[PDB]
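Shown next as structure tokens: one chain only, the form deposited in one PDB entry.
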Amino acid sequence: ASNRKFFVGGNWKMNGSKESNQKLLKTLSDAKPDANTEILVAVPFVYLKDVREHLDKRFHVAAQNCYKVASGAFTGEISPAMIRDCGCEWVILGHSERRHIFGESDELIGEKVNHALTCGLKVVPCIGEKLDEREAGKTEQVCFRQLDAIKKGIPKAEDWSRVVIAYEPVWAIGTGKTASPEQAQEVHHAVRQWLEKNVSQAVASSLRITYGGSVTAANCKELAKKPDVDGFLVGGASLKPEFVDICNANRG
């Protein structure tokens, strides 16, 4: 086999306050979840510095987005340099909400991946297909196009060491469709085969491919057991006490 460290990210999205953040982080920290699992929280920009100062170094802190240059005339945007200046080392890039609500292109995501890695951050690039794409038989076509753009952005092959991929079944998020652990495993296996052919066997065997569909305390252990599922990028559940149980998904 290959032994990839399990990775659980909690994407708070546009949620949090000084008061609610303190309560969530105390619960997570006091619970001491599975020591063998890497744990990340992706928090709103306005709380990045305070969350990183409060939270023990065991836990990673990510920004939920960044732009593709260090500074300039981009009112409202945040750079990797500003994320590092807040003491944080991670960023989520190409999240389905950024792609499909805010219209971020594959090429823009590739340029953000390039700039973040150049500045020394670690990145969680997100991929995934919509319902119309899946129904038209374009799951691999869409995912491979998105992966091509991320690969083009990797400055040097060694930098894959700082990448965690998240697959989002957008076709299942906010449609009546539900993705099964079997459907998750099928896509993750296809992504790993893509990495083997287009990057290297060494990168394919070491890279964490995490699942960004609906993850609950009730389904997390069955997903974790799948051989090509190396963890999660959790949405709504990341704000809830069940995030601790999801962090323990790979424990036994």
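Just count from 1 along the sequence shown to find any residue number. We call the rigid core whatever largest set of C-alpha positions still superposes within 1.5 Å between the two forms.
Beyond the structure shown, there is the form deposited in another entry, which is absent from this document and is the topic of what follows.
*Asks:* Only one of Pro155, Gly72, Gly76, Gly174 crosses a C-alpha shift of 2 angstroms between this form and the one not shown, counting 2 angstroms or more, core aligned. Which residue?
*Replies:* One residue passes the 2 Å cut-off, namely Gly174.
*Asks:* Comparing between this form and the one not shown on the rigid core, is the C-alpha shift at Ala35 2 Å or larger?
*Replies:* Yes, the C-alpha moves 2 Å or more.
*Asks:* Look at the CA atoms of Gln183 and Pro33: state whether they lie closer or farther apart in that other deposited form than in this form, given a difference of 3 Å or more.
*Replies:* Residues separate in that other deposited form, at least 3 Å farther apart.
*Asks:* Report the direction of the Cα distance change between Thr178 and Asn219 in that other deposited form, compared with the displayed form, as closer or farther; the change is 3 Å or more.
*Replies:* Closer is correct, given that in that other deposited form the C-alpha spacing of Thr178 to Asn219 is reduced by at least 3 Å.
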